[PDB]
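Novice: below: the sequence, then the experimentally determined structure.
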Amino acid sequence: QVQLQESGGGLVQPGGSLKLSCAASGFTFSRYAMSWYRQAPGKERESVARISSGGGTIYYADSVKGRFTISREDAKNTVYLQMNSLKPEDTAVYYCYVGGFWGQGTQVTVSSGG
């Protein structure tokens, strides 16, 4: 019973920060690379970040390099995505992913409102 439960999304202004969490269960978490993807309205799903088993090898999409940080805490079976200096084009549903399994998604909206 693989479960990927995400949280930490929200509604923030440009320049803001959020930290997404994906709490995993039902498989041997430490053995697998974990990924974050996003799907923005009217766009196709995009890989955002990936962290290897062991946490040593990390991938970022060029558009989030230097602003986003992916990490994992194997003792909590959780992978995280710290997002900073958020931009409107970062608006999307964000998904946790591993081995053909997807989380349910967490909404991230970046808007000044005004």
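Specialist: Great, that's in hand. Numbers count the residues shown, from 1 in each chain.
Novice: so residue 71 touches residue 82, yeah?
Specialist: Yes - using C-beta atoms under 8 Å, residue 71 makes contact with residue 82 at a distance of 7.3 Å. Yep, even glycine has a C-beta here, placed from its N, CA and C like the rest.
Novice: centre of the chain versus stretch 2-9, how much separation?
Specialist: Chain-centre distance of stretch 2-9: 10 Å, with C-alpha atoms, centre = their mean, to the nearest Å.
Novice: do the same with stretch 36-54
Specialist: 7 Å.
Novice: phi, psi for the nearest residue to residue 111 once chain neighbours are set aside please.
Specialist: Excluding the flanking residues, the one nearest residue 111 by C-beta to C-beta, 6 or more residues apart in numbering is residue 88, at 6.5 Å. Residue 88 has phi and psi values of phi -50, psi -40 when expressed as degrees, to the nearest 10.
Novice: who's in contact with stretch 23-37?
Specialist: Stretch 23-37 is contacted from outside by 1-7, 20, 22, 45-53, 70, 72, 74, 76-79, 81, 94-99, using C-beta atoms under 8 Å, 6 or more residues apart in numbering.
Novice: cutoff 6 Å now
Specialist: Residues external to stretch 23-37 that are found in contact with it (C-beta atoms under 6 Å, 6 or more residues apart in numbering): 1-5, 45, 47-53, 72, 74, 77-79, 81, 95, 97-99.
Novice: whichever of these end up buried, select them in PyMOL.
Specialist: Buried subset of the contacts of stretch 23-37, written as a PyMOL selection, criterion 16 or more other C-beta atoms under 10 Å:
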select buried, resi 4+48+49+50+51+72+77+78+79+81+95+97+98
